[PDB]
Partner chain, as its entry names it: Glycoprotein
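Let's start with one chain on its own, the form deposited without the partner chain, as structure tokens.
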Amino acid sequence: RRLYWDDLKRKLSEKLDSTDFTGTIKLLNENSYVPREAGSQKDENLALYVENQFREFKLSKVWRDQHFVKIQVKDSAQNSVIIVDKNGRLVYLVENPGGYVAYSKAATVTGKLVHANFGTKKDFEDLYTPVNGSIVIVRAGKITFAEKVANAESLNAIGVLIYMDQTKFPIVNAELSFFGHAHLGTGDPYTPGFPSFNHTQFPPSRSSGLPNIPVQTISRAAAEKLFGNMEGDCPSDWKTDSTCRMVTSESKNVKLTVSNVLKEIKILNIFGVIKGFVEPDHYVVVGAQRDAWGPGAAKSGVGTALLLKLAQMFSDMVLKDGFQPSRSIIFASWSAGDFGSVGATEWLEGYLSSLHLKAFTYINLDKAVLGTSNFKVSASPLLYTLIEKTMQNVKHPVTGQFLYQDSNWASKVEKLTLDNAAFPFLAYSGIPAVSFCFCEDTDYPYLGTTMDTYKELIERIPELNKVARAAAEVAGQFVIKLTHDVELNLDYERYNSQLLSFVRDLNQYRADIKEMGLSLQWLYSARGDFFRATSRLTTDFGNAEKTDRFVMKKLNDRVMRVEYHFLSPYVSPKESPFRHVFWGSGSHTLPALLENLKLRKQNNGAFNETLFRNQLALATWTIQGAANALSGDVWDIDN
């Protein structure tokens, strides 16, 4: 190898030092590209610009991907929130919101309005007033809109109102309207599990994650108007405004009118590839959402700029600096990401067989520059060692210190959530995924609104160029170290900590497990067997000669199957897309098993004996099968 890690890192750094990220973001926030709603003309214009840029970079191949998806848009009739008397007579209009929640059911609901803090399950459980047959008003944040709506609907609430409170969203003007989607999932909600291509002819199907109650986003002024008609006083545990109130007066009601209409649109996914020199059929996917409801400077402008600049720099290094990737690099520009990563999920569903054990890592650039105080990572454990090594190399954009300051950062990593485009890659496809951001201690206030302009981003983050340079540096080092080395730099040994944590959590209910005719010895043995398999694999890697391309291919295939073997092989990928037992959603996951067992502990009566027994069996054998497959040949398994 003419270029080693040090020389290639230096080349990446000197490419970054002469890159104008601020100019690219400013160009992406031009009037020719905003507003940039999914399937619009501006979205298609930016897709064509991205495609022409990928062609200008002289990538190995540039190709398009058209999907026809169903999304919700505002009707000609305006959604309205209205205070009505006990007899339904008009009192006074509250607000005709400018924003809306996509995939909210188009319906009119009237009833009492009661306040939940954030819509989390703890907020609903610890709430004095029962939320049934009543509209719940929740504050935006701490969970996705879909989670809030699902939690409210599971308690038989007839509607949801969402607003951004002053404390958590210190926006100066209270009339600002924002956008979200209430689909508890990813992709097109009307083509669950299948690619939504013309080939399917779009059969009548409907995802179970679609809400059945109206959902509406209202401005802070509208929320204060509603609180003016309420009585209860919010608890101090909710660090919210003093104007916030709990329950509507007994002589008033709220009529929520939602009339969003489904629209079928064409979304483009733009791809470019830098084909590898040793193993081109294996690749790292680098993706960034392109669409945005408003201007989307931080929502999609920063990610698209990072994608374009990374593609340019990597093409320059491969073509001019002599960089020779062993694997390929795919640069993906997703569309319809504001509706739940629709483009990425439909691409994953369309090409699942082609991406199976070929794409071994997804890097998400969405909202990578969102602030400057903290560097936050949510990723698969396989990427923890790579992230730690990158953090020890990349300096902080503002302070001269390296990003690696906390030795225990890995124990504070948040699980990937539905709002992240890396979640479909990890939980559904079993491809290790990483999402990182430079963020503050608080959520970005303008994210998802009409004030998410480039001017606001450059005002909130002066020296945005350096922060974007640092984000592109960590992403480029990810790509280089995942693609140039003879080893994949995926740490299968990091799942030993995950299994230990699961065993420790499950040991809290040993009395409950002993009350049933069950035992934890099989899960203990599975944890030990997985550790032994990882140690065997590390010994094999150490013994193998690096120049021997065959044995290293075998070992790298064993490493690539690690994340796939944690997808549940017992649930329907159509009904339960997120089959990952660690990071997926559904009763097949380990957290669901722990939740069911905790329900048994509380003696609430909602515990399901048979469901828990099946969960324990399937989880135990999923872990044991992952260990067995990682160990080696079928005859080498101990039992």
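Residue numbers count along the first chain shown, from 1.
The same protein has a further form, the form deposited with the partner chain bound, not shown here; the description that follows concerns it.
Undergrad: So if I measure heavy atom distances to the partner chain in the bound PDB entry, which of the stretches 157-165, 367-375, 87-95, 471-479 falls within 4.5 Å?
TA: Of the stretches listed, the one contacting the partner is 87-95.
Undergrad: Any chance all of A221, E224 and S251 sit within 4.5 Å of the partner chain in the bound PDB entry, going by non-hydrogen atoms?
TA: Looking in the bound PDB entry, the three residues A221, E224 and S251 all sit within 4.5 Å of the partner chain (heavy atoms).
Undergrad: Ok, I82, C439, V247, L210: which has a heavy atom sitting within 4.5 Å of the partner chain in the bound PDB entry?
TA: Exactly one listed residue reaches within 4.5 Å, namely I82.
Undergrad: Using a 4.5 Å heavy atom cut-off, which residue among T129, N393, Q324, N229 comes into contact with the partner chain in the bound PDB entry?
TA: Selected option: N229.
Undergrad: Is the gap between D237 and the partner chain in the bound PDB entry 4.5 Å or less for some heavy atom pair?
TA: Looking in the bound PDB entry, residue contacts with the partner chain do not include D237, since no heavy atom lies within 4.5 Å.
Undergrad: Check whether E175 has any heavy atom within 4.5 Å of a heavy atom of the partner chain in the bound PDB entry, and answer yes or no.
TA: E175: contacts the partner chain in the bound PDB entry.
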